[PDB]
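# An experimental structure, sequence included, is below.
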Amino acid sequence: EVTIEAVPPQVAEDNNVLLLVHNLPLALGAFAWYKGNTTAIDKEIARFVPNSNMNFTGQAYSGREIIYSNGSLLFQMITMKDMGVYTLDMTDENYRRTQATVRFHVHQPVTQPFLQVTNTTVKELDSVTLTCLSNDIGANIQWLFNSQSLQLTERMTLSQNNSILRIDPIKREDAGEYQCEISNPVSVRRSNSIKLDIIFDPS
Ligand SMILES: *[C@@H]1O[C@H](CO)[C@@H](O[C@@H]2O[C@H](CO)[C@@H](O[C@@H]3O[C@H](CO)[C@@H](O)[C@H](O)[C@@H]3O)[C@H](O)[C@H]2NC(C)=O)[C@H](O)[C@H]1NC(C)=O
Ligand SMILES: *[C@@H]1O[C@H](CO)[C@@H](O)[C@H](O)[C@H]1NC(C)=O
Ligand SMILES: *[C@@H]1O[C@H](CO)[C@@H](O)[C@H](O)[C@H]1NC(C)=O
Ligand SMILES: *[C@H]1O[C@H](CO)[C@@H](O)[C@H](O)[C@H]1NC(C)=O
């Protein structure tokens, strides 16, 4: 049947996207590409017609959009505002089918963070608290230890959406360099490399 995929699904700001239309049934009278599920002329961006090949547009922006004979739509410079679901409708008088559910996501390229730790020098069974400073909201922070995934365990505690990380009680094992990392869908940027070394109080 009708399959509509968006390449790339998960788009990036000031980057392009295509509204793929797989197996688009028998050569209809024409197709229509709408925004937002509203099967209303209120939002018609494009209507291509088989039987007499021709491009007529609707009351839709068309500042950067294109419909195709395979019945598909590329979308240039998408923006947070362009985010959301889109719908295509097709018709051949005998029948008009809508079934064009297709949503994708836009993304703000990430920025570099920066840890802040108070006292690289700490005692066994004391506290530490890496905090991954970032100004970007819509986060996926990840904590790295010695350039690999911090296993995250019982004596650790982290909140404010993975921002603040607090290890306690600390133990020599923690003798290493910690780094915080921000994700978006894979448009990432790692933090500095606060090294933390340990001294223990008793002997
Ligand atoms: C519907 O018609 C459009 C015609 O443009 C088809 O979209 C186009 O599909 C190809 C897919 O490969 C895109 O080219 C790709 O380009 C990248 C970079 O050049 C390359 O790495 C890939 O190997 C590939 O060649 C093309 O950009 C894309 N969109 C546009 C706007 O041209 C679509 O495939 C057609 N539907 C079907 C079912 O074929
Ligand atoms: C309709 O076809 C023209 C060329 O005839 C093309 O340049 C234009 O982008 C198409 N309209 C849309 C909304 O894609
Ligand atoms: C780190 O903590 C120890 C506690 O023994 C203290 O002596 C030292 O002054 C602290 N360093 C800073 C920069 O606060
Ligand atoms: C959009 O409105 C329709 C009503 O026809 C509703 O059934 C549908 O759940 C809404 N959006 C999606 C993605 O289904």
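That came in fine, so what should we check first? Numbering: from 1, shown residues only. Ligands and ions are numbered 1, 2, ... in the order given.

# burial count for the residue in the chain that ligand 4 sits nearest to?
Nearest residue of the chain to ligand 4, counting by C-beta to the nearest ligand atom: residue 37, 3.5 Å away. Where C-beta positions appear, they are placed from N, C-alpha and C, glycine not excepted. By the criterion of other C-beta atoms under 10 Å, residue 37 has 15 neighbours.

# Can you name the helix or strand that it falls in?
Under the criterion DSSP states H and E, no helix or strand holds residue 37.

# That one: what's it in contact with?
Residue 37 makes contacts with 85, 87, 101, as judged by C-beta atoms under 8 Å, 6 or more residues apart in numbering.

# Any quick ChimeraX command for the buried ones out of those residues?
In ChimeraX syntax, the buried subset of the contacts of residue 37 is picked out as below (16 or more other C-beta atoms under 10 Å):
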select :87
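
# so what are the domain limits for the protein?
According to curated CATH domains, the chain comprises the domains 1-107, 108-203.

# Distance from the shortest one to the middle of the chain?
Spelled out, that is domain 108-203. 23 Å (C-alpha atoms, centre = their mean, to the nearest Å).

# Offset the numbering so it begins at 663, please.
Sure, I'll start counting at 663 from here, so that last one is domain 770-865.

# distance between the ends of that domain?
Terminal residues of domain 770-865 lie 51 Å apart, using C-alpha to C-alpha, to the nearest Å.

# Partner strands of the lengthiest strand in the chain, with direction?
Assignment by DSSP state E gives strand 746-754 as the longest strand of the chain. Note on strand 746-754: by DSSP bridges, its sheet partners are strand 692-697 (antiparallel), strand 757-759 (antiparallel), strand 764-766 (antiparallel).

# mind putting those strands in TSV, mean neighbour count and distance to ligand 2 included?
What follows is the strands paired with strand 746-754, written out as TSV (neighbours: other C-beta atoms under 10 Å; distance: least, C-beta to the nearest ligand atom, whole Å):
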stretch	mean neighbour count	distance to ligand 2
strand 692-697	23	8
strand 757-759	13	20
strand 764-766	18	17
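
# returning to what we had before: the longest strand of the chain close to ligand 1?
No: using C-beta under 6 Å from any ligand atom, strand 746-754 never reaches ligand 1; the gap is at least 12.5 Å.

# Alpha carbons of that strand, as PDB, please.
Coordinates of each C-alpha in strand 746-754 appear next as PDB, following Å, rounded to 0.1, in the frame of the first residue of the first chain:
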ATOM      1  CA  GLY A 746       4.900  18.500  12.900                       C
ATOM      2  CA  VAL A 747       2.700  16.200  10.900                       C
ATOM      3  CA  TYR A 748       1.800  16.600   7.200                       C
ATOM      4  CA  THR A 749      -0.800  15.000   5.100                       C
ATOM      5  CA  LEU A 750      -1.300  14.100   1.500                       C
ATOM      6  CA  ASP A 751      -4.600  13.300  -0.100                       C
ATOM      7  CA  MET A 752      -5.100  11.700  -3.500                       C
ATOM      8  CA  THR A 753      -8.200  11.300  -5.600                       C
ATOM      9  CA  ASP A 754      -9.400   9.500  -8.800                       C
END
